[PDB]
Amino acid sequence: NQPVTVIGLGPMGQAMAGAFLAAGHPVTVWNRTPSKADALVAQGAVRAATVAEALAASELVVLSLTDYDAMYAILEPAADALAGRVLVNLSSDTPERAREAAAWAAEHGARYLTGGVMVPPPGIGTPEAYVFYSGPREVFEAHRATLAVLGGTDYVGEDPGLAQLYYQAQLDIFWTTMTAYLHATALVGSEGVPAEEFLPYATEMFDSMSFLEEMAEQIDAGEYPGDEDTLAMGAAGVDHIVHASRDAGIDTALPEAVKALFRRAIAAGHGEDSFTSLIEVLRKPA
């Protein structure tokens, strides 16, 4: 009961359009590569010939593109067709690029919402699916239901860049943690321990991290009471990891980066504070 346009027919976009179509929403679609639409048009989507047609076809225009450079390459030549439309950009990019695009959309008559999808293309439309949303609350509340088709709707604030900040911070946890798991698996692997043999121990390590609330409370108070886990303690242990990694013939760049941050914080006088104090150097460029 709401027309929807989907610019961007990549794995993600195709999934969104299909979910919109399977929810019964009128769906118009466009893509630099039309062949990517043959499937949805066969399922009942309208392949627009131009970007202008797609934009006019619906007020709600959801964008799933590689990056914002792609958006501007698509939409700028049709910028005079953006008036009245609501652009919901779900493409990954920087917060600042989102705040710049929001201003660009405004000057061209369009409203702008930023979105960060937290599921793979296949996950779109499942209970585990949720999308960070930021921008004008009224515009969000006006199109929440339509967007819920794709997954949970999580409005995080008015700043257009906030949704992407949340997304980037989550991927910052993800990729860095994945690299740590691979580095540790390589370390034990240097003595012939299969990855599937270390997996139980790695898995239980992550289940042991049930104290993040305490750390978050420390950060939010700006107080890092030392007690059972000084930063100096972690610094000594990180040195053992660096030295073990070297001895084992594996890469040392990752543990060395962690070590240098600990040294920064100790030089700043947090050695006796809780290791949460490390955030104080993480927030300050060296």
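Numbering starts at 1 and follows the sequence shown.
Higher mean Cα B-factor in the deposited model: 221 to 229 or 35 to 43?
If you average the C-alpha B-factors of 221 to 229 and of 35 to 43, the larger mean comes out for 35 to 43.
Could you check the entry and say whether 88 to 96 or 182 to 190 has the higher mean CA B-factor?
Higher mean C-alpha B-factor in the PDB entry: 88 to 96.
Kindly indicate the residue among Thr146, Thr177, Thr203, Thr114 with the greatest C-alpha B-factor in the PDB record.
In the PDB entry, the greatest C-alpha B-factor among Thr146, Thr177, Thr203, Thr114 is found at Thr146.
Checking the record values for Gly161, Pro136, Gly109, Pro121, which has the greatest CA B factor?
Answer, based on the entry's C-alpha B-factors: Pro121.
What third of the chain, by the recorded C-alpha B-factor, contains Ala169?
It falls in the bottom third of the chain.
Comparing against every modelled residue in the chain, figure out the third that the C-alpha B-factor of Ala101 lands in (lowest, middle or highest).
Middle third by C-alpha B-factor.
Lowest, middle or highest third: where is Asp247 by C-alpha B factor in its chain?
Lowest third, going by the recorded CA B-factors of the chain.
Name the third of the chain's ranked CA B-factors that contains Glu196, choosing lowest, middle or highest.
Its C-alpha B-factor, which the entry lists for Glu196, ranks in the lowest third among residues of this chain.
Would you check the entry's CA temperature factor for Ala70 and let me know if it's in the chain's lowest, middle or highest third?
CA B-factor rank for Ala70: middle third.
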